[PDB]
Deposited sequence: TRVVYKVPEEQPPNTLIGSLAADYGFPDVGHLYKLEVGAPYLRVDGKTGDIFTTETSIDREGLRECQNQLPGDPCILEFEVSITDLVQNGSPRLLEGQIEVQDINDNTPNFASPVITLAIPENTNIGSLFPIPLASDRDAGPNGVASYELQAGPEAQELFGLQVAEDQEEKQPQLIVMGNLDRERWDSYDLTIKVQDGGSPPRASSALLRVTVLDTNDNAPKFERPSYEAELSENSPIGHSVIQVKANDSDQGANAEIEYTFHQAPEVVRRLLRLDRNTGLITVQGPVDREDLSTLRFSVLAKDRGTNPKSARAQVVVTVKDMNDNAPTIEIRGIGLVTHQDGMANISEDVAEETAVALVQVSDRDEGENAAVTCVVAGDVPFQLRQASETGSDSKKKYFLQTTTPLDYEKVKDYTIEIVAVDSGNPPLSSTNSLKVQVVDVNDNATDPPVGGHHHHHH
């Protein structure tokens, strides 16, 4: 015979009697009591916990929880041998357990710019109770800002409710990177029972941002013949992402070889320095681009024009080019004349040249000996390096005191320290 008893009733609640017919309890011992000569059976000071009983442990949904008990009728006119009877009390569930999350703080990581509608699962609540007394609903309590951004959805697919976050609008990590929601679970008892957990959405970073240089363009003066390791310039860029999506590498972009030889760009600090012989007379400007690149898996990159102006040093000593004109013409640094046609006639054309810049290539230019020849402007302009002078005569002269004219010229630039050159010519006669 069967019986329906609510679980966890108070001691000595009567569960019933003889819809059949001394009575003894043979089995059911801790949880029940019977009375002699009545066969009315009541609960004990050990309450029946539907959730406690080994008898009811792994039972599948809606498989009824039955406690076995046996009682003996051992009187039939004190002649019969006793009659036991199989009993079954079906313990009925009450909402005496609260729905729960495994941890009271729950922590989702959602990437930046997840498309609208994207779903993410929330951990399930559980409830040791059965049927409508177990998990019933989920509710998403949220700050205003956050409410426009996040929704809740529940699936009846898996015959057990999987609650899910819907992303309702765009997330940007850079804008804001941490939200706070509470997820309320509730059961379907009366009264119901509920529980909460803090659901923290963490916005994860994507490499959605490129490097930018402090300045679009870069300029720097650099002194010619500087030593190996002299700081030319530091370029630096900026990335609004996080970690390696924002770590930066610097490398030459549109840089011809010459420059590559002379400069060293350091990838971490972005400090260009000298690594080679720098000569303004070779290359007066250094023009190149520089490439800033993040360490994202798909690297984003920027570039900046750099132009280095090479500053002059007086490292070039002037140059006295002596040469012929018209019919007069030199040979291994000496020429011919005799019984000169006139004074103020020209023996040589003389060009003085300096390869540096401004002052350091401004040339003064002087005839050494005691001879009868001067330099006279031939040019009709004032080009400060490119002097063209005639080497012309001062006094007439005859074949008797001649063939002994070593005219030597000297030149100095207005540099500091100054540099000088000397160059000569013999006139035979």
{"query": "Gaps in the model, given as deposited-sequence positions counted from residue 1", "finding": "1-2, 24-31, 440-459"}
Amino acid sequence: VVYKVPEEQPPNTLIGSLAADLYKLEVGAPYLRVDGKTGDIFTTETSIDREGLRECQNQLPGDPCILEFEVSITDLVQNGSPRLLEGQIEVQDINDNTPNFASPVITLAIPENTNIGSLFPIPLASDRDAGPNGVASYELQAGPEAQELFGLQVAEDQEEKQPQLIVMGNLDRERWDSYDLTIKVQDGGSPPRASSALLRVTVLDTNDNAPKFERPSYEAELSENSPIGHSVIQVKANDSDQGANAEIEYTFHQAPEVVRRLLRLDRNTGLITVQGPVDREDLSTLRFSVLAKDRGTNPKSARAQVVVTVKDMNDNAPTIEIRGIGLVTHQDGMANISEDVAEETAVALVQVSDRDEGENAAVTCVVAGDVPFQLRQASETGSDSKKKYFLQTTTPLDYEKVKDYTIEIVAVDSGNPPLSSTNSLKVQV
From here on, numbers count along this sequence of modelled residues.
| query | finding |
| --- | --- |
| Between the two ranges 193-201 and 70-78, the one averaging a larger CA B factor in the entry | 70-78 |
| Higher-scoring stretch by recorded Cα B factor average, 324-332 or 264-272 | 324-332 |
| Residue of maximum C-alpha B factor among 99, 111, 123, 87, per deposited coordinates | 87 |
| Options 341, 167, 310, 154 - largest CA temperature factor per the record | 341 |
| Among modelled residues of the same chain, the CA temperature factor third for residue 361 | lowest |
| Chain-wide C-alpha B factor ranking for residue 282, given as lowest, middle or highest third | middle |
| Ranked against its chain, the third holding the CA B-factor of residue 158 | highest |
| B-factor third for the C-alpha atom of residue 254 within its chain | middle |
| Residue 355 - which third its CA temperature factor falls in, relative to the rest of the chain | middle |
